[PDB]
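K.L.:
Here it is: the structure, laid out below.
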Amino acid sequence: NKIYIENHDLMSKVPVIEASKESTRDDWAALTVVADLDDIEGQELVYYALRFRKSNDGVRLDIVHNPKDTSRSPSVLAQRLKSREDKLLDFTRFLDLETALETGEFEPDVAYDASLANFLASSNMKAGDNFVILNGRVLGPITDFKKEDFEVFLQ
């Protein structure tokens, strides 16, 4: 649990696709993708995670933006994505995601940026790293991994 418990601030601010009400408890699982969405390789991972969630409605997906470069507030992209949180399964096209990360004025959330900086240090992962956490299991860094590999780890 301890990852989930120590980080409630951050995890409360990130984009979340809730598992469906009409899925079962045996289907239910918790996927976190942590990705640098300034880079294609991070975006691509999230895209796959989205596609996976689209097919597997027992999963609760949330997405943590974890940029290597911090000159911009991490919280900007995270808010861009959080604003468009309902829309995320309507994506059909890698471009829909790019678009969603491309636009939206937001005021930096410092408390978010702090939360992130904890989460990283206490979870011994670095800024910029791409990884997934699946029901508590950290997998990464990811330096391939597509929606197959999500599927299998669910089994």
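K.L.:
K68 - would you say it is among the charged types (D, E, K, R) and surrounded by fewer than 14 Cβ atoms within 10 Å (Cβ to Cβ)?
P.N.:
On the way: among the charged types (D, E, K, R): yes; surrounded by fewer than 14 Cβ atoms within 10 Å (Cβ to Cβ): yes.
Judged against the criteria, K68 is a match.
K.L.:
If you check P15 against the conditions, is it more than 10 Å from the chain's Cα centre (by Cα) and not charged (D, E, K, R)? Write out each step before concluding.
P.N.:
On the way: more than 10 Å from the chain's Cα centre (by Cα): no; not charged (D, E, K, R): yes.
Criteria not met by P15.
K.L.:
Follow-up. For the stretch 134-152, name all the residues that are farther than 20 Å from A19 by Cβ, surrounded by 11 or more Cβ atoms within 10 Å (Cβ to Cβ) and either among the polar types (S, T, N, Q) or in contact with a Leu (Cβ under 8 Å, 6 or more places away or on another chain) (or both).
P.N.:
Result: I142, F145.
K.L.:
So, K87, is that one surrounded by fewer than 16 Cβ atoms within 10 Å (Cβ to Cβ) and over 23 Å from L139 (Cα atoms) or not?
P.N.:
Yes.
K.L.:
Based on this model, can you work out whether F52 counts as surrounded by 13 or more Cβ atoms within 10 Å (Cβ to Cβ), over 14 Å from the mean Cα position of the chain (by Cα) and within 25 Å of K146 (Cα to Cα)?
P.N.:
The answer is no for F52.
K.L.:
Of all residues in the stretch 21-38 being in a loop (DSSP other than H, G, I, E, B) and touching a strand residue (DSSP E or B) at 6+ places or on another chain (Cβ under 9 Å), which is surrounded by the most Cβ atoms within 10 Å (Cβ to Cβ)?
P.N.:
Across the stretch 21-38, the extreme among qualifying residues is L37.
So basically every Cβ, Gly included, is an ideal-geometry build from the backbone, and we count neighbours across all protein chains shown. Every number here is computed from the coordinates shown, using simple stated rules; none is lab data.
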